[PDB]
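J.: Can you look at this? It's an experimental structure, sequence on top.
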Amino acid sequence: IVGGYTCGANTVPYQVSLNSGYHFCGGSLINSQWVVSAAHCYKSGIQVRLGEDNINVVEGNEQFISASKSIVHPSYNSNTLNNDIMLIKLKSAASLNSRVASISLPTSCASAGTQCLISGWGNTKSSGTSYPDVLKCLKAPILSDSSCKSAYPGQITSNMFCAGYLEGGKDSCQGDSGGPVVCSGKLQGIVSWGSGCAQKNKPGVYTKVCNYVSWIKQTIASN
Ligand SMILES: NC(=[NH2+])c1ccc2[nH]c(-c3cccc(-c4ccccc4)c3[O-])nc2c1
Ligand SMILES: [Ca+2]
Ligand SMILES: [Cl-]
């Protein structure tokens, strides 16, 4: 997260770190046995780490669970990143409490101007690599579809939206992929891609979750 602030320990209780010996992507807990992340974060040997703040120190509240299976959207396109969403089933259910909690799926899509919270352990420099130990947060608005399409001509599908600042300075960055974009307490986006980090006129692009709720529900109901 570039230009964000320190969230504060466990203030984003649905945030998870996908780990394979190091943190490589974020995710969101949507119930006690399932996480939602980005399809391009897929790999084997994923350990989901819940209740984290400093990902390099065990401070208490952490729950480390292995993924039993990861379901990449069947229509995921790695060249366009269209349908960049993945569901992860946990080996055992997580113990939910005030520090580990799930976030709700939306009933409707959000409107441009809606302010959302983006969090993660990704890079905090636009020009360079600085990875934080604790969770960072950024409040950012969803942009209109015209500004998004005008920024990334030919690359935005109906399953994506832009959120961010066109002046630059604040944005999600590498290490944040797969994590949550929460607006009014509902998960509206998943960190997906962008051109650099916090560059002027190149906002971040997110996966539009409101378009996959029946898919998430039917898939979870059959697995
Ligand atoms: N500017 C942005 N809003 C942004 C957001 C998420 C990103 N994630 C990445 C990213 C960059 C290099 C590699 C990966 C990657 C590739 C495979 C697996 C996991 C991460 C990224 O997610 N760049 C990103 C840029
Ligand atoms: Ca920790
Ligand atoms: Cl277009």
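T.: Alright, I've got the coordinates. Residues are numbered from 1 along each chain as shown. Ligands and ions are numbered 1, 2, ... in the order given.
J.: Going by proximity to ligand 1, name the top residue of this protein.
T.: residue 194 (2.3 Å; CB to the nearest ligand atom). Where you see a C-beta, it was placed from the backbone N, CA and C, and this is true even at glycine.
J.: Now do the domain split for this protein, please.
T.: 1-12+103-210, 13-102+211-223 (curated CATH domains).
J.: So which of the ones you listed is the most surrounded?
T.: Most buried of those by mean neighbour count (mean count of other CB atoms under 10 Å) is domain 1-12+103-210; its value is a mean of 19.
J.: And ligand 2, is that domain touching that?
T.: No. Against ligand 2, domain 1-12+103-210 shows no contacts by CB under 5 Å from the ion, the least distance being 8.4 Å.
J.: Ligand 1 contacts on the protein?
T.: For the chain, the contact set with ligand 1 under CB under 6 Å from any ligand atom comprises 24-25, 40-41, 171-174, 176-177, 191, 193-194, 197, 204.
J.: from those residues, which two are the most distant?
T.: Pairwise distances across the residues of the chain next to ligand 1 (CB to CB) peak at 18.9 Å, for the pair 24 and 171.
J.: I'd guess residue 220 is in a helix, am I close?
T.: Yes. When DSSP: H, G, I helix; E, B strand; the rest coil is applied, residue 220 is found to be in a helix.
J.: now it, nearest residue through space, not along the chain?
T.: residue 34 (5.7 Å; CB to CB, 6 or more residues apart in numbering).
J.: ok, the one you found - contacts?
T.: Neighbouring residues of residue 34 by CB atoms under 8 Å, 6 or more residues apart in numbering: 87-90, 220.
J.: For this structure, just list every one of the helices.
T.: Using DSSP state H, the helices of the chain run over 145-151, 213-221.
J.: possible to save those as JSON lines with distance to residue 52?
T.: Putting the helices of the chain into JSON lines (distance: least, CB to CB, whole Å) gives the following:
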{"stretch": "helix 145-151", "distance to residue 52": "31"}
{"stretch": "helix 213-221", "distance to residue 52": "23"}
